[PDB]
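**Q** My questions all concern the structure below.
FYI the Cβ positions are ideal-geometry reconstructions off the backbone, even for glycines, and counts take in every protein chain you see. The numbers here are math on the coordinates, done by the rules we state, and not lab data.
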Amino acid sequence: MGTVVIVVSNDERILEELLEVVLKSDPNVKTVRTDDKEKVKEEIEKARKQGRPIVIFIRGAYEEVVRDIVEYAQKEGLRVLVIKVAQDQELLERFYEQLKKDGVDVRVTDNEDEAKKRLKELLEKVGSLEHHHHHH
């Protein structure tokens, strides 16, 4: 109950399309476009309260803010899983390194087409692990 899945991508329309994917898949799973620091934390309190997964849509430039939020989500003791569209960028990689070095799990989809599929497939169960055995 109350798993936190943070959908990040640089382009807006991707987060919009991917919003509609998860929102129509389940309207009680709180898909919040906010890109904020304090608000995400407030919505996480609501998520754990209901006992439902929460999907936070942050942009690539805004993703820098997510590390401020990570501390709170750890203090909760929740499963923190960042679903992130990689696409060969130094800024995108810069922040990404902080997640893995810390211990927060990050699913790099590396595409937008598969990203939306990943989201709905994680709602089939909970979203707390890889759906493929990542050899290479």
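**Q** Can you name the residue in the range 100-127 that is assigned to a helix (DSSP H, G or I), loosely packed, with under 14 Cβ neighbours inside 10 Å and basic (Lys, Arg) and, of all such residues, is nearest to the chain's Cα centre (by Cα)?
**A** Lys100
**Q** Here is a follow-up. Mind telling me which of the residues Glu63, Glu130, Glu71, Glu97 ends up being in contact with a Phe, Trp or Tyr (Cβ under 6 Å, 6 or more places away or on another chain) and either in a helix (DSSP H, G or I) or not hydrophobic (A, V, I, L, M, F, W, C) (or both)? Let's see the steps before the verdict.
**A** Details: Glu130 fails: in contact with a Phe, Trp or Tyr (Cβ under 6 Å, 6 or more places away or on another chain); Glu71 fails: in contact with a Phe, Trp or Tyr (Cβ under 6 Å, 6 or more places away or on another chain); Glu97 fails: in contact with a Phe, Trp or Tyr (Cβ under 6 Å, 6 or more places away or on another chain).
Result of the check over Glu63, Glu130, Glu71, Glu97: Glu63.
**Q** So which residues in the range 78-98 are of a type in the set (A, V, I, L, M, F, W, C) and under 16 Å from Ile56 (Cα atoms)?
**A** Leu78, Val80, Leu81, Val82, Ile83, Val85
**Q** Being of a type in the set (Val, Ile, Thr), within 15 Å of the chain's Cα centre (by Cα) and over 21 Å from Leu129 (Cβ atoms) narrows it down to one of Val32, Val22, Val8, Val66, so name that one.
**A** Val32
**Q** Moving on. Take the conditions crowded, with 19+ Cβ neighbours inside 10 Å, under 18 Å from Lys120 (Cβ atoms) and not hydroxyl-bearing (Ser, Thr, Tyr) and apply them to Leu18. Does it pass?
**A** So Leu18 fits the description; yes.
**Q** Right, here's the next one. Out of the range 89-136, which residues are small (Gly, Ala, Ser) and free of Cβ contacts under 8 Å to residues at least 24 places away in the same chain?
**A** We begin by selecting, within the range 89-136, every residue small (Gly, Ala, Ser); these are 103, 115, 127-128.
Answer for the range 89-136, where residues must be small (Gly, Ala, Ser) and free of Cβ contacts under 8 Å to residues at least 24 places away in the same chain: just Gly103.
**Q** Still on this model: Could you tell me which residue of the range 16-56 is nearest to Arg79 (Cα to Cα), considering only residues that are in contact (Cβ under 8 Å) with a residue 40 or more places away in the chain and part of a loop (DSSP other than H, G, I, E, B)?
**A** Looking at residues that are in contact (Cβ under 8 Å) with a residue 40 or more places away in the chain and part of a loop (DSSP other than H, G, I, E, B), I get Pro53.
**Q** Scan the range 66-94 residue by residue and report those that are within 17 Å of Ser9 (Cα to Cα) and surrounded by fewer than 18 Cβ atoms within 10 Å (Cβ to Cβ).
**A** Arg67, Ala86, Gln87, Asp88, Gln89, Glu90, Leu91, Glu93, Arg94
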